[PDB]
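Chemist: Have a look at this one.
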Amino acid sequence: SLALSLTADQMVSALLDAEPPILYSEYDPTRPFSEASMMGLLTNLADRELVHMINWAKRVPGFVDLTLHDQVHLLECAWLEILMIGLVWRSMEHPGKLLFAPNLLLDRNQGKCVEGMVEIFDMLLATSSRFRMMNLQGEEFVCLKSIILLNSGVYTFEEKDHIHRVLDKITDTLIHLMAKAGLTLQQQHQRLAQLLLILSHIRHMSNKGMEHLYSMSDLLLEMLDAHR
Amino acid sequence: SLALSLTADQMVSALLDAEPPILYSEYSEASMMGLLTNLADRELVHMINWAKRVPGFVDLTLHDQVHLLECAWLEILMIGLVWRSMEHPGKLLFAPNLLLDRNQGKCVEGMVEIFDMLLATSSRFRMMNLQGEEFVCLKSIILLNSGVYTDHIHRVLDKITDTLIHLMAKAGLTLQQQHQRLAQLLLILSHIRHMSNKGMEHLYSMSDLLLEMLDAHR
Amino acid sequence: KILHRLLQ
Amino acid sequence: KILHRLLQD
Ligand SMILES: O=C(O)CCCCOc1ccc(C2=C(c3ccc(O)cc3)[C@@H]3C[C@@H](S(=O)(=O)Oc4cccc(Cl)c4)[C@H]2O3)cc1
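Protein chains in written order, with full-length UniProt numbering: chain U, 305 to 461, 470 to 528, 537 to 548; chain V, 305 to 331, 338 to 460, 473 to 528, 537 to 548; chain L, 688 to 695; chain W, 688 to 696.
The structure is reproduced here in structure tokens:
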């Protein structure tokens, strides 16, 4: 396992190079503005994002050391969380809007088009506002997204011991980034806590999101099937 | 507010002093759900008094206090249950006279899955040698953080973080061991959030106070 | 709400 | 499983 041998800078550059691209949504002027077309637009978007996410997870240091069964388990538990923190990160520079795609920028008013989605829209907007106030850096974001992948399914399975040591290495990487940014020792621990507490909210948004999803893409049906 | 001006030891002693007591249960799938519902109903009354004594909580308005408790109540019950069960591996100590294993959890439909998650959290706390001073800090964090996204609260969260680090530094942990342990504890809170959400979904699928705490999530 | 009265 | 196959390729 070369994940534990990586330095902090090597861990950051590895995570940055693994980043998936920003995908575009379908732009069909024939489709009407409705709940079915909006959901079809979001479903089609997340469906193509999942293919890139699976390829991204292979490049997360330590992930390929896990058995195939555990890799499947981690992705099933965390896929919506990872889509959400990506959405929240893309929406930082757009206050009051969610950039689902460069050609799909939505505010909370348009989120009312689907029944019950505006509550989750408001939670995603507040999380995006929290990142903007903290001035979340890209190097911190890629660490947080890898933490979600490794942590969200670790207590629902020896293999747990390896994941925990990789998670500690990512913690060392976050501290290295903050100490490199001039923060004091006190500010480092405080910011580390603020970032990790947001992951509790991202988990909350995913669970509330999944709950509405398996009530109303064959790959998504299987990912959605794992949480029920 | 007064909470910001507290020192680390004064913050620790205030939280330990506000600890609610360990209650007993009353001396079938419905028989167990009644026992758990009755126990959680009496614990909520003690939870409200505890929340009043968490530094910084009374500085919030009445509406924001209600919001944080409605969001966090099952999370707070669960981390208390997990803390009580640390010294009883493989078992969940709901009450001193109600100690259950995962097999008994199968008596209620769909509860064994949440039981296994609770047991895994308790084993994790045990293997980390979670201390009482650390536990009360984590429980206060859950109260203030779980509903903050739905600036004073963030200033209090920082103070609790400084208190956690102070406890680890006083125990002899290096700087690296301090921030590593801090991260480990906070990532567990995400699983406690997950367990609460799954527990709530099952609760409004099946007390006068519960109903309103349960209704806030629907 | 019951939580309103208990917090008073 | 689709996720199982994509992780193998
Ligand atoms: O309709 C009404 O009026 C009554 C509604 C209010 C009931 O109120 C309840 C009921 C049960 C609990 C429980 C616990 C608890 C933990 C710590 C503690 O100190 C006290 C209780 C632990 C954790 C939850 S659980 O997630 O496993 O939930 C389920 C349990 C079994 C089956 C299913 Cl489907 C879900 C449960 O066991 C809590 C509150």
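All C-beta atoms in this analysis are idealised placements derived from N, C-alpha and C, irrespective of residue type, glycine included.
Return yes when at least one heavy atom of ligand 1 lies under 7 Å from the C-beta of residue 541(V), else no.
Modeler: Here residue 541(V) corresponds to residue number 211 of the second sequence, with the count starting at 1. Yes, since a heavy atom of ligand 1 falls inside the 7 Å radius drawn around the Cβ of residue 541(V).
Chemist: Any chance the CB of residue 408(V) is under 7 Å from a heavy atom of ligand 1?
Modeler: The sequence position of residue 408(V) within the second sequence is 98, counting from 1. Every heavy atom of ligand 1 is 7 Å or more from the Cβ of residue 408(V), so no.
Chemist: Closest by CA to residue 338(U), which one among 416(U), 348(U), 483(U) and 434(U)?
Modeler: Here residue 338(U) is taken as the residue at index 34 of the first sequence, counted from 1. Ranking the options by Cα distance to residue 338(U), first place goes to 416(U).
Chemist: For chain W, is any of its Cβ atoms less than 8 Å away from the one on residue 358(U)?
Modeler: For this step, residue 358(U) is matched to residue 54 along the first sequence. Judged by the 8 Å Cβ criterion, residue 358(U) is in contact with chain W.
Chemist: Going along chain L in order, which residues have a C-beta closer than 8 Å to the C-beta of residue 380(V)?
Modeler: Position 70 of the second sequence, counting from 1, holds the residue named residue 380(V). Ordered by position in chain L, the residues that pass the 8 Å Cβ test against residue 380(V) are 690.
Chemist: Quick check: the region 440-459 of chain U against the region 427-447 of chain V, are there 3 or more CB pairs under 8 Å?
Modeler: Taking 8 Å as the limit for Cβ pairs, the verdict is that the region 427-447 of chain V does touch the region 440-459 of chain U.
Chemist: Just to confirm, are residue 481(V) and residue 342(V) a CB contact at a threshold of 8 Å?
Modeler: Taking the second sequence and counting its residues from 1, one reaches residue 481(V) at position 159. Taking the second sequence and counting its residues from 1, one reaches residue 342(V) at position 32. Cβ distance not < 8 Å, so residue 481(V) and residue 342(V) don't count as in contact.
Chemist: Ignoring anything shorter than 4 residues or poking outside the region 354-405 of chain V, list the alpha helix (DSSP H) runs there in chain order.
Modeler: 372-394, all fully within the region 354-405 of chain V.
Chemist: Quick one: what's got a C-beta closer than 6 Å to residue 445(V)'s C-beta in the same chain, skipping five residues either side?
Modeler: Looking up residue 445(V) in the second sequence gives position 135. So the qualifying residues of the chain are 393.
Chemist: Strictly under 8 Å for the Cβ-Cβ distance: is residue 538(V) near chain L by that measure?
Modeler: What you label residue 538(V) is simply residue 208 of the second sequence in a count that begins at 1. Closer than 8 Å: yes.
Chemist: Could you list which residues in chain V have their beta carbon closer than 7 Å to that of residue 430(U), in chain order?
Modeler: Within the first sequence, numbered from 1, the residue matching residue 430(U) stands at position 126. Neighbours of residue 430(U) on chain V, chain order: 459.
Chemist: Check whether chain L comes within 8 Å of residue 330(V), counting only Cβ atoms and requiring the distance to be less than that.
Modeler: The residue labelled residue 330(V) in the question sits at position 26 within the second sequence. So no, residue 330(V) is outside the interface.
Chemist: With DSSP as the reference, please indicate the residues paired to residue 410(U) in a beta bridge.
Modeler: Residue numbering aside, residue 410(U) sits at position 106 when the first sequence is read from its first letter. 402(U), per the DSSP bridge assignment.
Chemist: Within the chosen definition, does the region 361-377 of chain V reach the region 396-412 of chain V through at least 3 CB pairs nearer than 8 Å?
Modeler: No, because fewer than three Cβ pairs between the region 361-377 of chain V and the region 396-412 of chain V fall closer than 8 Å, the two stretches do not touch.
Chemist: I need the straight-line Cα distance from residue 497(V) to residue 350(U), nearest angstrom please.
Modeler: Stepping through the second sequence from its first residue, residue 497(V) is reached at position 175. Stepping through the first sequence from its first residue, residue 350(U) is reached at position 46. Those two C-alpha atoms are separated by around 40 Å.
Chemist: Given a threshold of 16 other Cβ atoms within 10 Å of its Cβ, counted over all protein chains shown, does residue 503(U) qualify as buried or as exposed?
Modeler: In the first sequence, the residue the question calls residue 503(U) occupies position 191. With 16 or more Cβ atoms within 10 Å of its Cβ, residue 503(U) is classed as buried.
Chemist: Would you mind working out which of 348(U), 485(U) and 377(U) sits nearest residue 361(U), comparing C-alpha positions?
Modeler: Here residue 361(U) refers to the residue found at position 57 when the first sequence is read from its first residue. That would be 377(U), whose Cα lies nearest to the Cα of residue 361(U).
Chemist: Just to check, is the beta-carbon of residue 512(V) closer than 7 Å to a non-hydrogen atom of ligand 1?
Modeler: Sequence index remark: in the second sequence, residue 512(V) carries index 190 (1-based). No, the beta carbon of residue 512(V) sits no closer than 7 Å to any heavy atom of ligand 1.
Chemist: Thinking residue 369(U) and residue 476(U) are a contact (beta carbons under 8 Å), I'd like their distance in whole angstroms, please.
Modeler: Residue numbering aside, residue 369(U) sits at position 65 when the first sequence is read from its first letter. Residue numbering aside, residue 476(U) sits at position 164 when the first sequence is read from its first letter. With 8 Å as the limit, residue 369(U) and residue 476(U) do not qualify as a contact, their Cβ atoms being about 13 Å apart.
Chemist: For residue 545(U) and chain V, any beta-carbon pair shorter than 8 Å?
Modeler: Translated into the one-based positions of the first sequence, residue 545(U) becomes position 225. Not one chain V Cβ lies under 8 Å of residue 545(U).
Chemist: Take residue 468(U) as the anchor and find which of 353(U), 389(U), 522(U) and 382(U) has the nearest alpha-carbon.
Modeler: The model of chain U omits the segment between 461 and 470, and residue 468(U) is among the residues lacking coordinates.
Chemist: What's the C-alpha gap between residue 326(U) and residue 691(L)?
Modeler: On the first sequence, residue 326(U) is found 22 positions in, with the first residue counted as 1. On the third sequence, residue 691(L) is found 4 positions in, with the first residue counted as 1. Taking the straight line from one Cα to the other gives about 46 Å.
Chemist: What does residue 313(U) touch in chain V if you count any residue whose Cβ is under 8 Å from its own?
Modeler: Start at 1 with the first residue of the first sequence, and residue 313(U) comes out as number 9. Chain V residues near residue 313(U): none, gap ~17 Å exceeds 8 Å.
Chemist: Rank 355(V), 507(V) and 344(V) by C-alpha distance to the C-alpha of residue 449(V) and give the top, closest one.
Modeler: Mapped onto the second sequence, residue 449(V) falls at position 139. That would be 507(V), whose Cα lies nearest to the Cα of residue 449(V).
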